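# Summary of structural features
The lines below spell out each chain.
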Amino acid sequence: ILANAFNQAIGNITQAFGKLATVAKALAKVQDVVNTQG
Amino acid sequence: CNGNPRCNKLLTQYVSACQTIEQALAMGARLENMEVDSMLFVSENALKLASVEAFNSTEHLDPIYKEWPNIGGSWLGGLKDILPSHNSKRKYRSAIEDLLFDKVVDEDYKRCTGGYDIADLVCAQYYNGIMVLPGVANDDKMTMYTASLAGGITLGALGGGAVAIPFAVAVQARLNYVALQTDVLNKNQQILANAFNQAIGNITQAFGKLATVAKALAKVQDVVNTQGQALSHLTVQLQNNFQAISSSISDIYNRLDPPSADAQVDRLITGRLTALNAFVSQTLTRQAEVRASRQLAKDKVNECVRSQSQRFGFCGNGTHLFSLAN
Amino acid sequence: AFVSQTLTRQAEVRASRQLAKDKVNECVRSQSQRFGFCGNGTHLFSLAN
Amino acid sequence: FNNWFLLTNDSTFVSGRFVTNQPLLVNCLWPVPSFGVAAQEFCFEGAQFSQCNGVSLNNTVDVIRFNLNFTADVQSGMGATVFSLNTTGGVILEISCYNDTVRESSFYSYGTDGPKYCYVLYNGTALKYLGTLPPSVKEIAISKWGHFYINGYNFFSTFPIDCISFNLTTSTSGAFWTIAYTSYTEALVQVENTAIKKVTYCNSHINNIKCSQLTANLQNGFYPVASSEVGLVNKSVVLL
Amino acid sequence: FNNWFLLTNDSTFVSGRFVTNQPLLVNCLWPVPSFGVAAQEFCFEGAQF
Amino acid sequence: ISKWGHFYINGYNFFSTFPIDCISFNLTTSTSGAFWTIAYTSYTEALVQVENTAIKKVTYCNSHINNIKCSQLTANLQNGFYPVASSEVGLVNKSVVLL
Amino acid sequence: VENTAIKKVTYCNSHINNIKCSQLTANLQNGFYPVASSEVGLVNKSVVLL
Amino acid sequence: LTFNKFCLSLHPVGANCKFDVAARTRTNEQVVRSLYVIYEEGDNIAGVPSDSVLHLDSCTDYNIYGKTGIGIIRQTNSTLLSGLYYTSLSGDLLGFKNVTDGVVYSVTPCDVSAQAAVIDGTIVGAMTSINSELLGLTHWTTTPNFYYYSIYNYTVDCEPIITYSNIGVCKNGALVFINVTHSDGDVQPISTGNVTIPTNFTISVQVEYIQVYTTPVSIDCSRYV
Amino acid sequence: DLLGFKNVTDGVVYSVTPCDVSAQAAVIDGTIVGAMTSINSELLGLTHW
Amino acid sequence: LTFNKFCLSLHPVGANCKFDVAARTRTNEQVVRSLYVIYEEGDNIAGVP
Ligand SMILES: *[C@@H]1O[C@H](CO)[C@@H](O[C@@H]2O[C@H](CO)[C@@H](O[C@@H]3O[C@H](CO[C@H]4O[C@H](CO)[C@@H](O)[C@H](O)[C@@H]4O)[C@@H](O)[C@H](O[C@H]4O[C@H](CO)[C@@H](O)[C@H](O)[C@@H]4O)[C@@H]3O)[C@H](O)[C@H]2NC(C)=O)[C@H](O)[C@H]1NC(C)=O
Ligand SMILES: *[C@@H]1O[C@H](CO)[C@@H](O[C@@H]2O[C@H](CO)[C@@H](O[C@@H]3O[C@H](CO[C@H]4O[C@H](CO)[C@@H](O)[C@H](O)[C@@H]4O)[C@@H](O)[C@H](O[C@H]4O[C@H](CO)[C@@H](O)[C@H](O)[C@@H]4O)[C@@H]3O)[C@H](O)[C@H]2NC(C)=O)[C@H](O)[C@H]1NC(C)=O
Ligand SMILES: *[C@@H]1O[C@H](CO)[C@@H](O[C@@H]2O[C@H](CO)[C@@H](O[C@@H]3O[C@H](CO[C@H]4O[C@H](CO)[C@@H](O)[C@H](O)[C@@H]4O)[C@@H](O)[C@H](O[C@H]4O[C@H](CO)[C@@H](O)[C@H](O)[C@@H]4O)[C@@H]3O)[C@H](O)[C@H]2NC(C)=O)[C@H](O)[C@H]1NC(C)=O
Ligand SMILES: *[C@@H]1O[C@H](CO)[C@@H](O[C@@H]2O[C@H](CO)[C@@H](O[C@@H]3O[C@H](CO)[C@@H](O)[C@H](O)[C@@H]3O)[C@H](O)[C@H]2NC(C)=O)[C@H](O)[C@H]1NC(C)=O
Ligand SMILES: *[C@@H]1O[C@H](CO)[C@@H](O[C@@H]2O[C@H](CO)[C@@H](O[C@@H]3O[C@H](CO)[C@@H](O)[C@H](O)[C@@H]3O)[C@H](O)[C@H]2NC(C)=O)[C@H](O)[C@H]1NC(C)=O
Ligand SMILES: *[C@@H]1O[C@H](CO)[C@@H](O[C@@H]2O[C@H](CO)[C@@H](O[C@@H]3O[C@H](CO)[C@@H](O)[C@H](O)[C@@H]3O)[C@H](O)[C@H]2NC(C)=O)[C@H](O)[C@H]1NC(C)=O
Ligand SMILES: *[C@@H]1O[C@H](CO)[C@@H](O[C@@H]2O[C@H](CO)[C@@H](O[C@@H]3O[C@H](CO)[C@@H](O)[C@H](O)[C@@H]3O)[C@H](O)[C@H]2NC(C)=O)[C@H](O)[C@H]1NC(C)=O
Ligand SMILES: *[C@@H]1O[C@H](CO)[C@@H](O[C@@H]2O[C@H](CO)[C@@H](O)[C@H](O)[C@H]2NC(C)=O)[C@H](O)[C@H]1NC(C)=O
Ligand SMILES: *[C@@H]1O[C@H](CO)[C@@H](O[C@@H]2O[C@H](CO)[C@@H](O)[C@H](O)[C@H]2NC(C)=O)[C@H](O)[C@H]1NC(C)=O
Ligand SMILES: *[C@@H]1O[C@H](CO)[C@@H](O[C@@H]2O[C@H](CO)[C@@H](O)[C@H](O)[C@H]2NC(C)=O)[C@H](O)[C@H]1NC(C)=O
Ligand SMILES: *[C@@H]1O[C@H](CO)[C@@H](O[C@@H]2O[C@H](CO)[C@@H](O)[C@H](O)[C@H]2NC(C)=O)[C@H](O)[C@H]1NC(C)=O
Ligand SMILES: *[C@@H]1O[C@H](CO)[C@@H](O[C@@H]2O[C@H](CO)[C@@H](O)[C@H](O)[C@H]2NC(C)=O)[C@H](O)[C@H]1NC(C)=O
Ligand SMILES: *[C@@H]1O[C@H](CO)[C@@H](O[C@@H]2O[C@H](CO)[C@@H](O)[C@H](O)[C@H]2NC(C)=O)[C@H](O)[C@H]1NC(C)=O
Ligand SMILES: CCCCCC/C=C\CCCCCCCC(=O)O
Ligand SMILES: CCCCCC/C=C\CCCCCCCC(=O)O
Ligand SMILES: CCCCCC/C=C\CCCCCCCC(=O)O
Ligand SMILES: *[C@@H]1O[C@H](CO)[C@@H](O)[C@H](O)[C@H]1NC(C)=O
Ligand SMILES: *[C@@H]1O[C@H](CO)[C@@H](O)[C@H](O)[C@H]1NC(C)=O
Ligand SMILES: *[C@@H]1O[C@H](CO)[C@@H](O)[C@H](O)[C@H]1NC(C)=O
Ligand SMILES: *[C@@H]1O[C@H](CO)[C@@H](O)[C@H](O)[C@H]1NC(C)=O
Ligand SMILES: *[C@@H]1O[C@H](CO)[C@@H](O)[C@H](O)[C@H]1NC(C)=O
């Protein structure tokens, strides 16, 4: 059960990264860092 | 530009800077809002137990605790200044919170355009394009968060209703965590409760009118003053002529031909853009500092309030027993 | 002005790097006993990319 | 935007997105078909013609643009004159290209295959030397204020033009080309390698936000805007 | 300060604290009583009345 | 009324005339039975608190503590350390050195 | 200079001396320093006009 | 325009500034003469278009006591015993007084800043301080802090796509209030009476980004300057 | 700064580059031992590369 | 005040700056003439009371 839940969570995270509040926060943070550097 | 169409046409060549300024401010606000939203939470049963009236009654105690008259017990004298009470202006407000928010310190923008009186400072700033985002919701969420944290200590179970245990039982559990108690008969929680009540009373007296209390008051006053001064400076920067005949765009356009008026307005445009850039830089620096402070606060809540930390000297000077938050 | 801004950013990133080092040492290379440090819930293990 | 360029008086942008006021409001579009002749004495007073493709506006025309490859197959039916200019005060200027160099304040001596030297004539004599025709002319834009743009760059200017005459054809090449009667408007233009790739007109509220944000793909969120525009208003004066 | 105002050549402040140079050093105060007449040809050379 | 010719009505200078050497009046309240005041005043520096265009409090910078109060823009100084000047310079000799 | 008296003079006559003069010190610490790759002297003139 | 003294002359002596007399032809403009001006600031003398009008409750171009702008002027019940006109911290006129009767008038901007919500490349709603239509929106609702116009049919339960604080906007344009997150609670270290122990566990994965290093830049100061 | 231009006669493009560029000199024990440069030419009295 | 050269003139040619000659009445001051100054910095010439 734990392995199946882990696999499903990782798949959903990969789908979010390819195109879940933590994922959105991380994407916003890294984009802000890049833009501030530029 | 103070609503002048010709100034907007001139600024269309500087739209990139306004785009840079606005995006930097909207992204900072969004990031802060997403970390505050992730930080806070409440519990329904804990909120139902978190009040002075609930601690002063025995309607929630389990039948096994028949000897105890109420939840608060001998500690209630110190807990009445920290727990929310019904004799407060706002919901989930305690005496100490009211004292702090009065000693140290509207969001409705519909009144600014009514014109029923002379506009005050906030409405005048709004006329200049400066808006203060709502913050009362954050204060309400924080007070509910602290109330739920306080009420969760006496919650005996999580899968059902609001069943409570005496506060002395929780204190005894914390003492056993510190060191395994071996004298069951000769319990002396009365001395600890009296000392706690006296300390809370002295703290309340200090807050109403003790180096830690003075340090906290100075820190919060400094935070408020720093918040105010930046906006005051940004507003006052609009009176600078920037080597022009006037600081009013309408006066310039009413006194000069358009070819000279545009040249006069360009200097004001450049100066105001520079001022906005400086304000944005200061805001971003403050936001980073407050992000670090928020990380520290989250660590303190997780390790001193919701649990008993094993780190030496982290939750104050001495052997930590429990922490409360307001 | 550019130098001042760069130094301020560098100090902020130094603090962030200290936080990242703590996270790596206590959540990835070991199992921390600090409550709520490695996420919301009972921590099991952490991976890094 | 194959034969369309951004007009400039200076260096030209290579890549990026810019909000600019350009002659892009197409009052009329005349497609000259294969083996066709486009001859007109167009005066800048409107372009509601029957040959316009689509719907023609009633606004005044600011710029007239000829989009075609100016190769050896392009011929004029007014001789060496490609453009006849009538300016203020009834002063006639001609843009004429020859196969031989013409001396200053002189006329062509011999009046097909080779370099062409172009001149401005006032009274049948060479007034200004414009240079040789380059082999890569793709568009010629003319403004009623007297400015000429070749591939986007203003190479020469004359007196303000009341009304201009031409008579062009593609000879036997059988190539169709375009004439655009356009007016100035504000728009966001994306350029890659000095070539127009995308144009977004700020003609709506959402388009206004797009132009303000310098992007055609707005992310979901909140953006500051103005609640309305002020137009014709009364005047109030109070004095002691 | 019921019948006292801050002198200004321009717009007047509504609220706040300001350090200003104002005519406030009272050389003399003459209270005209009820049913009284105040008549004087005062020349600006002192008010020791 | 100022001796330089300026007239203030409720605080605002509505009109000005030539400098006034000396001015004459003859006023009364008739049968209203109301007492009023005339003030002969001079210019001085002070901290004034205004609420709704009305004077509420005036603090004169006439002493060292009052000078600190005026410098800090408050009539209720908190306990602490404040920067001040050790003295004032008045009438002084003049020294000139040249080659 | 110490007490209005000359104590040490370093001439900027070499590349290392140029770096020393740029860094305002006669004892350079080990590290990387920005320099110019060469100097431009006598050069031809090119004019392009329409 | 108001002055205390205004004189025109053909001689440069004592002149504060000068005008440029020019001849305009069909194609050129050439300066020929100079006209010198001697002026003093004030309000005794005023220039007029030809040899006291106040519009109320409507947007207008106002010139009041030398202060010009665009705004709406409204009578007030307020009483201010001192002064003639009042300005904000930035120098904008906020109100003035009628000298005849002492009535106070207030001045407000005709247009104000608003917040437009953009979801999927279209405008679905707008937050504004004025109860008037904007951005092609007709339906509206009232909130304690602002008016909210929306494409949603206002005379709602939906998922908020864009949220700030307690405010969320749905794709249909509806406005929803966001509450604080709820949880069951924390397990307490109590071994007396009836207690609950978590038994059935699943797996949750949480992502956290942390910055480690910057992108350093070297600058040749001599080459930059 | 000008980066390039075009010959009007034939449309040929020309590019313009600076004659001298910034370089990084390595100083160990008060002497220059090496230099990092973007141009394959001798500099600072160094021959081998 | 010290100068290396100080000259007064009634002609504007070669003047670094000019003074404003005015007539003061009981209520007004009016500029009538201009006096031009040609000066050089230094210490050879010094003005004294
Ligand atoms: C390269 O540089 C040249 C030279 O500077 C530029 O040429 C200018 O082009 C602009 C348009 O792009 C011309 O502007 C126009 O001026 C006309 C003359 O204006 C006078 O009259 C009006 C009242 O009729 C007065 O307000 C004004 O002060 C002048 O006295 C105007 O008639 C035009 O206005 C009308 O048209 C525009 C639309 O084009 C409307 O928006 C207006 O409301 C109005 O209806 C217009 O403003 C300008 O005159 C040209 N200058 C010269 C010296 O000829 C090129 O544009 C520039 N090229 C590039 C690519 O930047
Ligand atoms: C609204 O605007 C008006 C007009 O500008 C202001 O009126 C000015 O008021 C001030 C006082 O507030 C007047 O200042 C005074 O000027 C007198 C004339 O000065 C001349 O002579 C002295 C030497 O005698 C020279 O140093 C000087 O350069 C001038 O040539 C002075 O005699 C006065 O000085 C004496 O009195 C003051 C106290 O008032 C002492 O401190 C001085 O040491 C000295 O004894 C004085 O300085 C000024 O002249 C007025 N201007 C005009 C044009 O009339 C209003 O004040 C202003 N209102 C408000 C509310 O701001
Ligand atoms: C840190 O992580 C903890 C868990 O470790 C999170 O706590 C969980 O929070 C969620 C979200 O609030 C809780 O789930 C909610 O439970 C409510 C009550 O559940 C009923 O139904 C279940 C059915 O199995 C019964 O077991 C249970 O007893 C209740 O009868 C639900 O009402 C909630 O439903 C939501 O969705 C429906 C569908 O639309 C809506 O109608 C509801 O209004 C509601 O939105 C939801 O299922 C969960 O119980 C919590 N778990 C624990 C262990 O505490 C924290 O939130 C997290 N902290 C942070 C800050 O993120
Ligand atoms: C994202 O997570 C969701 C769950 O939150 C995943 O959907 C779940 O997918 C599993 C299978 O991976 C479904 O379980 C069942 O699997 C067995 C396998 O033999 C199959 O026989 C059953 O018919 C059933 O499919 C589960 O029901 C499903 N849950 C939901 C709510 O849809 C989803 O796959 C994850 N996405 C990615 C990209 O990994
Ligand atoms: C602040 O703390 C001080 C102590 O540091 C408190 O003063 C103490 O008050 C207690 C009572 O609350 C005194 O103890 C005794 O109480 C019994 C009660 O029955 C009484 O019978 C005795 O006569 C005695 O009062 C204690 O002596 C006293 N200590 C001192 C040093 O004064 C004080 O009350 C606290 N203040 C607040 C506002 O809570
Ligand atoms: C005017 O000059 C332009 C070039 O500036 C000519 O456009 C070019 O026309 C040729 C021949 O049709 C195109 O060649 C084609 O290239 C594509 C590769 O993308 C290939 O797949 C086709 O099979 C064919 O070989 C060329 O791409 C095209 N260039 C552009 C930029 O469109 C144009 O034909 C000339 N017009 C006249 C009337 O002479
Ligand atoms: C000159 O005008 C002022 C107003 O600008 C008059 O002052 C006002 O006098 C009336 C009548 O005495 C006061 O009314 C009182 O109001 C208080 C409320 O605060 C109330 O408790 C009293 O019973 C009474 O009704 C009024 O407050 C007062 N206003 C101010 C600002 O002081 C003044 O009397 C006039 N003087 C002459 C000589 O006519
Ligand atoms: C957000 O959640 C809180 C906590 O559950 C809600 O507070 C309840 O408010 C109602 C209405 O006044 C009370 O009867 C309940 O007792 C409160 N619950 C608790 C646990 O204190 C609050 O109403 C919610 N807000 C919204 C907008 O839905
Ligand atoms: C454009 O040029 C063509 C070519 O010169 C003109 O066609 C000539 O028209 C005249 C009568 O106007 C005939 O006598 C010629 O024989 C025509 N020449 C050819 C080659 O066909 C045409 O008229 C011109 N168009 C306009 C509008 O003036
Ligand atoms: C150039 O344009 C001018 C505009 O004035 C033309 O001159 C006008 O010609 C018409 C012909 O019908 C006369 O009625 C007008 O009286 C003329 N106006 C003036 C001011 O002279 C001129 O003919 C045009 N030139 C050419 C070669 O067509
Ligand atoms: C100030 O108020 C007075 C009245 O107190 C206004 O004067 C009135 O003006 C109107 C329009 O001209 C006349 O019809 C009335 O007879 C006037 N009433 C009087 C003289 O008592 C005056 O217009 C106001 N000033 C403004 C609004 O700027
Ligand atoms: C803990 O819960 C249990 C049930 O899970 C309670 O036992 C029940 O108590 C009720 C009320 O008196 C009786 O009617 C049932 O017969 C009891 N069940 C059993 C199996 O004994 C128990 O009382 C609870 N304990 C406390 C301290 O509240
Ligand atoms: C632009 O290119 C042309 C050729 O397309 C160059 O012209 C040549 O110039 C040289 C040197 O004077 C002559 O010997 C050739 O005969 C010319 N060739 C021609 C006219 O076809 C011209 O110099 C170039 N311009 C530059 C490099 O600035
Ligand atoms: C007249 C304005 C009243 C107040 C309006 C408040 C709500 C709308 C604006 C929200 C701003 C959000 C800033 C963070 C960036 C984002 O997530 O878009
Ligand atoms: C001539 C000065 C000698 C040094 C004097 C040092 C002591 C007095 C000043 C103390 C400054 C304290 C600054 C912190 C703010 C405060 O607590 O007042
Ligand atoms: C043409 C330059 C190519 C890149 C050269 C990279 C290496 C040399 C410079 C290193 C800079 C080191 C900066 C840190 C300070 C130091 O330790 O000296
Ligand atoms: C100006 O006021 C008149 C009435 O005096 C009104 O009819 C007109 O609409 C107003 N014009 C505006 C507001 O542009
Ligand atoms: C100036 O010096 C004299 C002696 O030369 C002395 O008596 C006098 O007090 C001095 N004045 C000052 C210091 O103001
Ligand atoms: C200039 O160019 C000539 C050839 O035209 C060449 O011999 C000479 O060395 C050049 N001078 C420089 C580069 O200083
Ligand atoms: C202002 O006066 C009107 C009547 O003219 C009254 O209806 C209104 O309530 C008053 N407002 C206030 C705030 O007194
Ligand atoms: C909006 O809802 C009302 C409810 O009375 C209904 O009458 C009306 O037709 C609806 N409008 C639209 C556009 O659906």
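Its PDB header names cryo-EM as the technique used to obtain the model and reports a resolution of 2.3 Å.

### Some points on the packing of helix α11 (residues 211-236) of chain B against helix α13 (residues 258-305) of chain B
All names here are of chain B. One way to put it is that α11 packs onto α13 with a least axis distance of 10 Å and a crossing angle of 170 degrees. Here α11 is positioned roughly antiparallel relative to α13, judged by the angle of their axes. The chirality of how α11 crosses α13 is left-handed. Contacts between α11 and α13 pair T226, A230, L231 and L234 from the former with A275, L276, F279 and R286 from the latter. Tallied by class, the residues present in the contact of α11 with α13 amount to six nonpolar, one polar and one charged.

### Here's the deal with the interface of chain B and chain D
How big an interface is tends to be stated in terms of the accessible area lost upon association of its parts. Taken together, the contact between chain B and chain D spans five residues of the former and six residues of the latter. Considering only residue class, the side of chain B that touches chain D consists of one nonpolar, two polar and two charged.

### Observations regarding the packing of helix α6 (residues 95-103) of chain B against helix α10 (residues 189-208) of chain B
All names here are of chain B. Remark: α6 packs on α10, axes separated minimally by 9 Å, with the N-to-C direction vectors making an angle of 20 degrees. Considered as vectors, α6 and α10 are oriented roughly parallel to each other. In this structure, α6 meets α10 at a crossing whose hand is left-handed. Two secondary-structure elements touch here, α6 through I96, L99, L100 and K103 and α10 through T204, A206, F207 and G208. In terms of residue class, the contact of α6 with α10 is built from five nonpolar, two polar and one charged.

### Here's the deal with the interface of chain E and chain F
Facing 42 residues of chain E, the contacting portion of chain F comprises 47 residues. Among the elements of the structure, β1 (15-32) and β2 (37-43) of chain E are those that each provide at least two residues to the side of chain E that touches chain F. Examining the composition of the side of chain E that touches chain F, we find that 18 residues originate from one element, β1 of chain E, more than from any other. Class assignment for the residues of the side of chain E that touches chain F results in 28 nonpolar, 11 polar and three charged. Note that β2 of chain E and strand β3 (residues 22-28) of chain F share seven bridges and pair antiparallel. Opposite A38 of chain E, over in β3 of chain F, you have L27 of chain F as the bridge partner.

### Considering unusual backbone geometry
Phi at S171 of chain D takes a positive value of approximately 60 degrees, unusual for a residue other than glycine. Backbone geometry places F35 of chain E, a non-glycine residue, at a positive phi of 60 degrees. You can see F35 of chain E is positioned in the loop between β1 and β2.

### What about the pattern of salt bridges?
With a shortest N-O distance of 3.1 Å, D120 of chain B and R111 of chain B are connected by a salt bridge. Between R24 of chain J and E29 of chain J there is a salt bridge, with the nearest N and O atoms lying 3.9 Å from each other. Salt bridges sharing partners connect three or more residues here, namely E303 and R311 of chain B together with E26 and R34 of chain C.

Reading the values: the criteria
Residues numbered from 1 in each chain as written, not as in the entry; some residues may be left out. Chains lettered and ligands numbered in written order. Part of a larger assembly, values for the part shown. Heavy atoms only, no water. Residues with missing side-chain atoms left out of burial classes, pairs and counts. Axes fitted to C-alpha atoms, helices over the stretch in contact; angles between N-to-C directions. Helix = DSSP H or I, 4+ residues; strand = E, 2+ residues; numbered from the N terminus. Parallel < 35°, antiparallel > 145°, perpendicular 65-115°, else oblique. Left-handed = near helix turned anticlockwise from the far one by under 90°. Contact = heavy atoms within 4.5 Å. Nonpolar A, V, L, I, M, F, W, Y, C, P; charged D, E, K, R; others polar. Pairing = 2+ DSSP bridges. Salt bridge = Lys/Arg side-chain N within 4 Å of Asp/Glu carboxyl O.

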